[PDB]
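Architecture and fold: a report
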Amino acid sequence: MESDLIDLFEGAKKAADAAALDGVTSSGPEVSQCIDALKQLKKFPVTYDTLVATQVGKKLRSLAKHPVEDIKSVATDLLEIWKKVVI
């Protein structure tokens, strides 16, 4: 469902943002929560109209430019998967 997509992305962004603002390293819990949230999103069968209505795809670019490399890498991977799914 789209509500689940939105909720999972909100969790991921909250985590990534606490990690960036609290100066957390890769071994921090916020990074782990963001990583997990981003991994669950991979399994979501997103569609084009879903990405239009929710904009989660657009909003994931920010995470793909996160200062923590672990979050950035997993966000790039999530975008890579969704890419092949929607086109």
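Residues numbered from 1 in each chain as written, not as in the entry; some residues may be left out. Heavy atoms only, no water. Residues with missing side-chain atoms left out of burial classes, pairs and counts.

Structure determination for this PDB entry is given in the record as X-ray crystallography, at a resolution of 2.60 Å.

Describing the overall build of the chain
Note the following rule: A run of DSSP states H or I qualifies as a helix once it reaches four residues; a run of E qualifies as a strand once it reaches two. Both are numbered from the N-terminal end. In this treatment the radius of gyration is a C-alpha quantity, and the globule benchmark scales as 2.2 Å times the residue count to the 0.38 power. Residue contacts are defined here by distance: any two heavy atoms, one from each residue, within 4.5 Å place the two residues in contact.
When you go through the chain residue by residue, the secondary structure sums to 5 helices and 0 strands. Traced from its N-terminal end to its C-terminal end, the chain shows the element sequence α-α-α-α-α. Whereas a compact globule of 87 residues would reach a radius of gyration of roughly 12 Å, the chain reaches 12 Å, a difference of no more than 12%. Each principal axis of the C-alpha distribution contributes one length, and for the chain these read about 35 × 20 × 20 Å. For the chain, the share of sequence-separated contacts (at least 6 apart) that also reach a separation of at least 24 residues comes to 70%.

Concerning helix 5 (residues 69-86)
Note the following rule: Multiplying 1.5 Å by the helix residue count minus one yields the expected span of that helix. Burial status follows relative accessibility: with a 1.4 Å probe on protein chains alone, a residue under 20% of its type maximum counts as buried, one over 50% as exposed, and anything between as partly exposed. As used here, the arc is the angular range of directions from the helix axis to the C-beta atoms.
The terminal C-alpha atoms of helix 5 lie 26 Å apart, and with 18 residues this matches the ideal 26 Å at 1.5 Å per residue to within 8%. Within helix 5, the full set of buried residues consists of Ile71, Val74, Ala75, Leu78, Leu79 and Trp82. Projected onto a plane normal to the axis of helix 5, the buried residues spread over an arc of 145 degrees and lie on a single side. Opposite its buried face, helix 5 presents the exposed residues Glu69 and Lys84, each directed more than 90 degrees away. In this structure, the buried side of helix 5 is in contact with helix 1 (2-21), helix 2 (29-42), helix 3 (48-54) and helix 4 (56-64).

Notes on the packing of helix 4 against helix 5
For the record, the criterion: With axes taken as lines fitted to C-alpha atoms, and helix axes fitted only over the stretch in contact, angles between N-to-C directions fall between 0 and 180 degrees. Here the word oblique covers every angle except those under 35 degrees (roughly parallel), over 145 (roughly antiparallel) and from 65 to 115 (roughly perpendicular). Handedness of each helix crossing follows the sense of rotation of the near helix against the far helix: counterclockwise by less than a right angle gives left-handed, clockwise gives right-handed.
At a minimum axis separation of 8 Å, helix 4 and helix 5 run at an interaxial angle of 150 degrees. Here helix 4 lies roughly antiparallel to helix 5, going by the angle between them. The crossing of helix 4 and helix 5 is left-handed. Residues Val56, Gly57, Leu60, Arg61, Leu63 and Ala64 of helix 4 pack against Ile71, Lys72, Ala75, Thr76, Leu78, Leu79 and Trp82 of helix 5.

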